[PDB]
Amino acid sequence: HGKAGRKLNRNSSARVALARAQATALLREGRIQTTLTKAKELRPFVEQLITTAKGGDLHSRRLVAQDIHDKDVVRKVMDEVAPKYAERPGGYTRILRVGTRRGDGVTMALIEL
Amino acid sequence: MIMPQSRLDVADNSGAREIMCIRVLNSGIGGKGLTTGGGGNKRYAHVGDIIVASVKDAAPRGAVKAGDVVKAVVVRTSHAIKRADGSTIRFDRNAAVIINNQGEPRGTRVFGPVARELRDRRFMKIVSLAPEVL
Amino acid sequence: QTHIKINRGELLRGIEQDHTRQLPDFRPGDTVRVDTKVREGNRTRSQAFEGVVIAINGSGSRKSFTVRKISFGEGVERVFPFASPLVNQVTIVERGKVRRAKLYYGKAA
Amino acid sequence: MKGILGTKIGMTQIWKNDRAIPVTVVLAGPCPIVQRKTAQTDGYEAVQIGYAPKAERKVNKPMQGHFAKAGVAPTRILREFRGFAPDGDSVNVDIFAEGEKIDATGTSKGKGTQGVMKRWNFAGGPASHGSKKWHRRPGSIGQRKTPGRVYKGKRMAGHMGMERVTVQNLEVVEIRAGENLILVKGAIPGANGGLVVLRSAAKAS
Amino acid sequence: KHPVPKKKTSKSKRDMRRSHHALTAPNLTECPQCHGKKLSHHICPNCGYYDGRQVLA
RNA sequence: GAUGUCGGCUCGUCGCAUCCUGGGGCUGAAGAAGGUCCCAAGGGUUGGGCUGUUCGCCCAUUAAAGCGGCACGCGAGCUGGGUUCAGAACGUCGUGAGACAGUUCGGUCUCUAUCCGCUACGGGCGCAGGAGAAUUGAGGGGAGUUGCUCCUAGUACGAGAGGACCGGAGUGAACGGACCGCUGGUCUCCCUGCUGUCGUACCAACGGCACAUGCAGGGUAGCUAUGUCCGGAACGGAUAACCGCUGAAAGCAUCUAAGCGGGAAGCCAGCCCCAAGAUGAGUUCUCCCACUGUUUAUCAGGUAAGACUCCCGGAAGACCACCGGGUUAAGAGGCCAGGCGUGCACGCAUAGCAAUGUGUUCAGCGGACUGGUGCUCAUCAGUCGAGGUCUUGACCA
RNA sequence: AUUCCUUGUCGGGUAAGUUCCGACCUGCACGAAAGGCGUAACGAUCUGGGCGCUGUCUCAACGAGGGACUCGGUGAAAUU
RNA sequence: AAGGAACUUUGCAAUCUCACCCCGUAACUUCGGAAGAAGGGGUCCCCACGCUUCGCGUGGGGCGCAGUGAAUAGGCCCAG
Ligand SMILES: [Mg+2]
Ligand SMILES: [Mg+2]
Ligand SMILES: [Mg+2]
Ligand SMILES: [Mg+2]
Ligand SMILES: [Mg+2]
Ligand SMILES: [Mg+2]
Ligand SMILES: [Mg+2]
Ligand SMILES: [Mg+2]
Ligand SMILES: [Mg+2]
Ligand SMILES: [Mg+2]
Ligand SMILES: [Mg+2]
Ligand SMILES: [Mg+2]
Ligand SMILES: [Mg+2]
Ligand SMILES: [Mg+2]
Ligand SMILES: [Mg+2]
Ligand SMILES: [Mg+2]
Ligand SMILES: [Mg+2]
Ligand SMILES: [Mg+2]
Ligand SMILES: [Mg+2]
Ligand SMILES: [Mg+2]
Ligand SMILES: [Mg+2]
Ligand SMILES: [Mg+2]
Ligand SMILES: [Mg+2]
Ligand SMILES: [Mg+2]
Ligand SMILES: [Mg+2]
Ligand SMILES: [Mg+2]
Ligand SMILES: [Mg+2]
Ligand SMILES: [Mg+2]
Ligand SMILES: [Mg+2]
Ligand SMILES: [Mg+2]
Ligand SMILES: [Mg+2]
Ligand SMILES: [Mg+2]
Ligand SMILES: [Mg+2]
Ligand SMILES: [Mg+2]
Ligand SMILES: [Mg+2]
Ligand SMILES: [Mg+2]
Ligand SMILES: [Mg+2]
Ligand SMILES: [Mg+2]
Ligand SMILES: [Mg+2]
Ligand SMILES: [Mg+2]
Ligand SMILES: [Mg+2]
Ligand SMILES: [Mg+2]
Ligand SMILES: [Mg+2]
Ligand SMILES: [Mg+2]
Ligand SMILES: [Mg+2]
Ligand SMILES: [Mg+2]
Ligand SMILES: [Mg+2]
Numbered sequence: 003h004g005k006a007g008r009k010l011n012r013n014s015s016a017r018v019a020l021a022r023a024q025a026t027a028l029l030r031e032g033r034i035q036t037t038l039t040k041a042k043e044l045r046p047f048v049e050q051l052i053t054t055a056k057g058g059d060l061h062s063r064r065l066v067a068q069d070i071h072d073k074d075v076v077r078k079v080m081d082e083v084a085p086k087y088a089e090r091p092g093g094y095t096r097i098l099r100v101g102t103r104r105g106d107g108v109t110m111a112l113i114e115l
Numbered sequence: 001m002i003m004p005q006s007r008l009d010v011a012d013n014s015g016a017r018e019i020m021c022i023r024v025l026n027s028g029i030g031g032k033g034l035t036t037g038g039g040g041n042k043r044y045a046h047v048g049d050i051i052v053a054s055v056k057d058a059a060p061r062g063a064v065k066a067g068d069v070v071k072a073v074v075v076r077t078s079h080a081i082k083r084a085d086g087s088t089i090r091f092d093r094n095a096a097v098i099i100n101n102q103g104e105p106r107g108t109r110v111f112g113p114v115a116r117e118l119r120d121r122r123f124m125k126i127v128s129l130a131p132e133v134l
Numbered sequence: 002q003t004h005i006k007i008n009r010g011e012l013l014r015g016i017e018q019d020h021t022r023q024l025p026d027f028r029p030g031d032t033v034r035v036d037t038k039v040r041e042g043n044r045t046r047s048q049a050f051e052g053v054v055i056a057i058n059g060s061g062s063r064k065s066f067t068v069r070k071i072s073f074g075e076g077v078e079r080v081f082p083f084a085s086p087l088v089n090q091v092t093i094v095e096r097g098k099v100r101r102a103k104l105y106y107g108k109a110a
Numbered sequence: 001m002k003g004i005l006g007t008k009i010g011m012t013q014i015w016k017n018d019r020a021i022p023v024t025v026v027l028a029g030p031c032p033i034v035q036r037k038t039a040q041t042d043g044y045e046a047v048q049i050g051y052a053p054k055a056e057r058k059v060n061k062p063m064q065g066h067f068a069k070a071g072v073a074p075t076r077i078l079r080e081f082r083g084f085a086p087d088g089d090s091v092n093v094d095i096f097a098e099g100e101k102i103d104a105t106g107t108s109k110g111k112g113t114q115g116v117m118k119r120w121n122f123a124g125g126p127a128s129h130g131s132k133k134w135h136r137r138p139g140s141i142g143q144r145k146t147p148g149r150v151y152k153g154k155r156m157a158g159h160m161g162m163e164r165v166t167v168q169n170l171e172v173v174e175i176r177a178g179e180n181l182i183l184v185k186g187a188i189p190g191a192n193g194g195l196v197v198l199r200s201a202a203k204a205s
Numbered sequence: 003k004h005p006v007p008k009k010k011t012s013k014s015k016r017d018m019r020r021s022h023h024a025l026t027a028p029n030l031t032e033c034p035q036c037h038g039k040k041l042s043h044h045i046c047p048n049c050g051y052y053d054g055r056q057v058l059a
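Those protein sequences? They're chains K, H, M, B and Z, same order as listed.
Residue numbering for the first sequence is 3 to 115, as defined by the authors' numbering.
Residue numbering for the second sequence is 1 to 134, as defined by the authors' numbering.
Residue numbering for the third sequence is 2 to 110, as defined by the authors' numbering.
Residue numbering for the fourth sequence is 1 to 205, as defined by the authors' numbering.
Residue numbering for the fifth sequence is 3 to 59, as defined by the authors' numbering.
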């Protein structure tokens, strides 16, 4: 069955609107607390977005401008963070499994830079 | 892949404008005349198999008329034909030649090309009337 | 599920490259002449399809390409494997100004 | 008798003389002798050999002892072939000539718990002829008060695939020897990166 | 339509059904720093210690 | 105090009074093609037109288009056309209300399986230590169909016309199994083109919404049938009808009454698949060993070999199970390279009154694919897991 | 919409038509305001045929979304 | 994909079709009608020119597979 991704019991338009707001904050604040899954969903998409931003050219900034809608944040990853990330080939994120919770009873996680 | 309800067009001057399929059969064309089937089944007809067919449309003047039944042999599957090199053919429109029971056509010739497989299965004459044998 | 380190792709090529051949820079929409050869019974004839090229597909040994011509009022396309020995020589003729890559839409013509 | 082990690498298109033969590439990297079983030893007539290699670390103790009994270096995988013999250790040269028909056995690709369709080729149900909730269901299981049961083995929904499948009389197109590569006419069951055993045909013709 | 159960079920079977519902016990370990107890591969919840500190005390 | 009914559809499986196929006797059987009867139930038995129809008639095929049982099999499986409720009309009966196995139009078929049965998949324990792998096959399932052509052969036969048996070689239907290399499908955000409107202040560039892809165009990997590969066997043993050898009762004759040979698509074996819960629990290779505990405690404990647990994944799968990796590390992601896909990005330059075009651009963009790469996470560790009962018997000290 | 005999006989359409249309007349059992026979137009009426289009079908496939399955929370039923 | 009513009790269901403009339009008729019968062709962007405007005809150019580009949007006919 070589397929690949998560449907995360949302549609497909949703799926995107999510990992775009989630990338938006992970970039907006170094780490986030969120479901372990939705995290292992947010890892390689933020990561790839790092590799777009890591480039300088105006293009890369409109390329980012598509997924990450807020200027301040764009500007942050473009100007501030991505450059900082120069000499490192990958692994711009990491994942931590905390524990449970009351209502849903689901495992939980911190995903950080 | 032709099957029973398929309205193929006709490659001959035998007066059949448009013929609709009606059985399929699986006779070669050997010995005395045509033969009698592989068996019952064979649910499809492709290029150079025979099909029995009823006649749906005809020339207001010509050999064969509007309703006339009578066996035809296929020449243009809109489907696709794989020849043992990898080559594939396909014609935009589906078509056949009407025939008699020894094989060769009620036509005086053929319109449009025919597939080299008619040559495979010894339909000499139709292959000869054929303007192009692709 | 035998776990064994091995470049699938490169053994693949290892075979499927002796059985591989390259042709003229045709992009799609280019008209072309393929000089095909036929065997009739012991004897070897020589027909020649000459059409608008509508699709190149795959690659390696399996690389192919589809022409399309109107031959005697009835429309017909045909698809060659770059490396079939019953295909002798392709030859560009025109260079199409084509905006797509697959040219299906021209089956109304 | 004749047999050896190797992996399913891929399906591809290649030419002999003029025809597009479709060939699946097997590999049969050398297999080593490991166990030679005879009647006075183990009752029946066989030989156990092995495929994909394995590093001493990821290896059991017992399995180490085993593989050491005939100085062999561990194979991730073992298997038996009834009524063989050789001398030394076993590749495909000396075993197949190009063109020899052969029986190729693999595991299938399995499909999970599968419909009456997919599984067993059931009919179906009139997708639009009033047919409430009966589109994919096999209809009836029996008769009535007689026999009042359901038959043993009555086909119905079930895990489809991951079976052991053998396909018969396959032709050795090509031997890329000492690259232990084998070319074989057509299909071979079970997914790419597969584990398959090429044994001589069962039959004759 | 409308399948129901034929006969009331027994204490005996019913509790043979429950034969598995039995909870599996969190397999726990003591957490090299703060010293409460951590779940393997997760953060030791008291201090916040995965190898240095993360979530805070 | 309810055993729902015709017909269709789905699904099957049995009977043999056998439609085909296989074997034989008789023939008013020359051959070919047949009639009829005995053996034979392995597999097979087409698609439509009319009618609610079963049935039957016709179209066109076929080796054949068999007959019946399974509550006229099968509604907690579907239809709901036929008939059986209420409305209405038609004929006919009735003064009437009403009427009729006369016809006609309409008319609700009830989401949750407890048990047995069935398909799948686990958990337990069992198999006289505790483990890792390799397996014999008790016994059990699937499978078993058939034409056409050609050679033998224009031979045997037959004035002739015609035309073989046997054997041998191919090619194909339907069915099945697998496979994704081909041919195609799809590929719900991989790439591109479009519109109306909102918004990122404006231009330019983009993003939403127009599906639960807004529309259209292509579409890799995977999944698939229309595609591809392979199959049904050969051979052997025992039979049926049947054909005979030796041969008495009954000096002759006799296949039989003692014995013996030949004999089918059938039985057993052979082929593919499961299989020691085969409690009768099999066999083989390998590994850990002979530990400790005041029987105030005649059984536990710590451990070895090994295993789980947990993380990360998978061409394995609903859960469980199964395969890989878990730093001594390439397991997945990312990253680099490549492949393939879309088809020529932004910007800027240039041409043009503009729409646009050209260049820079085989360009830009990127879900699954192929490898490489220690950048990320697979960190730490917790949990189990042997000490081998007795009886005879053979063998060594 | 009436026909028992009934798939009446003939013709049309179909490759093939118990249905349908025309004619036929032996009306079991039409008939004149319980109206008879017609008729443009109208009809979510009823009946047959056609063209077009189509997964209704041959024969199903891939994909999607909501269930079904797993986990934490609350937790019914008819039956017996 | 190929086929296109082979489905079936019956095309039930689902697709077709879809707006505005211009050409054109049958038997039959109660002269109102049938009739949106049927069947075609056009539709977007730019520049110039005219005209009664926001607007529209005309002429030449431009682009894409397609220009009511997305959504709202009749399948039609013959005969009872
Ligand atoms: Mg949910
Ligand atoms: Mg949407
Ligand atoms: Mg075929
Ligand atoms: Mg006629
Ligand atoms: Mg393609
Ligand atoms: Mg799987
Ligand atoms: Mg169906
Ligand atoms: Mg019983
Ligand atoms: Mg009851
Ligand atoms: Mg009998
Ligand atoms: Mg039978
Ligand atoms: Mg009865
Ligand atoms: Mg019944
Ligand atoms: Mg019932
Ligand atoms: Mg009814
Ligand atoms: Mg009266
Ligand atoms: Mg149950
Ligand atoms: Mg057995
Ligand atoms: Mg048993
Ligand atoms: Mg069986
Ligand atoms: Mg001869
Ligand atoms: Mg003669
Ligand atoms: Mg098949
Ligand atoms: Mg591929
Ligand atoms: Mg493909
Ligand atoms: Mg501002
Ligand atoms: Mg703008
Ligand atoms: Mg919005
Ligand atoms: Mg809105
Ligand atoms: Mg919406
Ligand atoms: Mg699309
Ligand atoms: Mg015998
Ligand atoms: Mg790349
Ligand atoms: Mg993107
Ligand atoms: Mg990779
Ligand atoms: Mg008639
Ligand atoms: Mg009246
Ligand atoms: Mg009204
Ligand atoms: Mg009809
Ligand atoms: Mg719950
Ligand atoms: Mg099409
Ligand atoms: Mg409808
Ligand atoms: Mg008028
Ligand atoms: Mg109109
Ligand atoms: Mg154009
Ligand atoms: Mg135009
Ligand atoms: Mg509509």
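Even for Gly, the Cβ is constructed at its ideal location relative to N, Cα and C.
- Within the same chain, and ignoring the five residues on either side of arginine 96 of chain K in sequence, the residues whose Cβ sits closer than 8 Å to its Cβ are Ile113, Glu114 and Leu115.
- Assignment of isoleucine 98 of chain H by DSSP, reduced to helix, strand and coil, places it in the strand class.
- Beta-carbon to beta-carbon, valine 77 of chain M and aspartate 49 of chain H are separated by about 19 Å, too far to satisfy the 8 Å threshold.
- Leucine 181 of chain B sits in a strand when the DSSP states are folded into three classes.
- Scanning the segment 140–181 of chain B from its first residue to its last, the whole beta strand (DSSP E) runs of 3-plus residues come out as 158–160, 164–171 and 174–176.
- Counting the other Cβ atoms within 10 Å of the Cβ of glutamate 95 of chain M gives fewer than 16, which makes it exposed.
- Collapsing the DSSP output to three states places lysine 16 of chain B in a strand.
- Ranked by how close their Cα comes to the Cα of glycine 31 of chain H, the residues H:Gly67, H:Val55, H:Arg122 and H:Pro131 have H:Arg122 in first place.
- Listed as beta-bridge partners of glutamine 114 of chain B by DSSP are B:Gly158.
- The beta-carbon of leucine 30 of chain Z is placed no less than 8 Å from the nearest beta-carbon of chain K.
- Counted as a single uninterrupted DSSP element, the alpha helix (DSSP H) harbouring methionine 18 of chain Z occupies residues 13–19.
- Close to chain H, meaning a Cβ-Cβ distance shorter than 7 Å, is no residue of the segment 54–71 of chain M at all.
- DSSP places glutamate 49 of chain K in the uninterrupted alpha helix (DSSP H) bounded by 45–55.
- The DSSP-derived three-state label of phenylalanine 81 of chain M is strand.
- Contact residues of ligand 7 (beta-carbon closer than 7 Å to any heavy atom; chain order) are B:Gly124, B:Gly125 and B:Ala127.
- Rounded to whole angstroms, the gap between the alpha carbons of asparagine 48 of chain Z and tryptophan 134 of chain B is 57 Å.
- Look at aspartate 49 of chain H: its C-beta is not under 8 Å from any C-beta on chain B.
- Look at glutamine 40 of chain B here: in three-state DSSP terms it is helix.
- Across the structure, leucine 10 of chain K and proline 62 of chain B are spaced so that their CA atoms are roughly 45 Å apart.
- Among the CB atoms of chain Z, none fall inside 8 Å of the CB of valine 108 of chain K.
- Membership of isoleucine 33 of chain B in any beta strand (DSSP E) is not indicated, and neither H nor E is assigned to it by DSSP.
- The beta-carbon of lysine 103 of chain M is placed no less than 8 Å from the nearest beta-carbon of chain H.
- For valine 100 of chain K, the residues of chain Z that pass the 8 Å Cβ criterion are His44, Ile45, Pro47 and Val57, in the order they occur in the chain.
- Under the Cβ distance rule, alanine 20 of chain B counts among the residues neighbouring chain H, one pair being separated by less than 8 Å.
- Among the bridge pairs identified by DSSP, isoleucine 49 of chain B is matched with B:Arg79.
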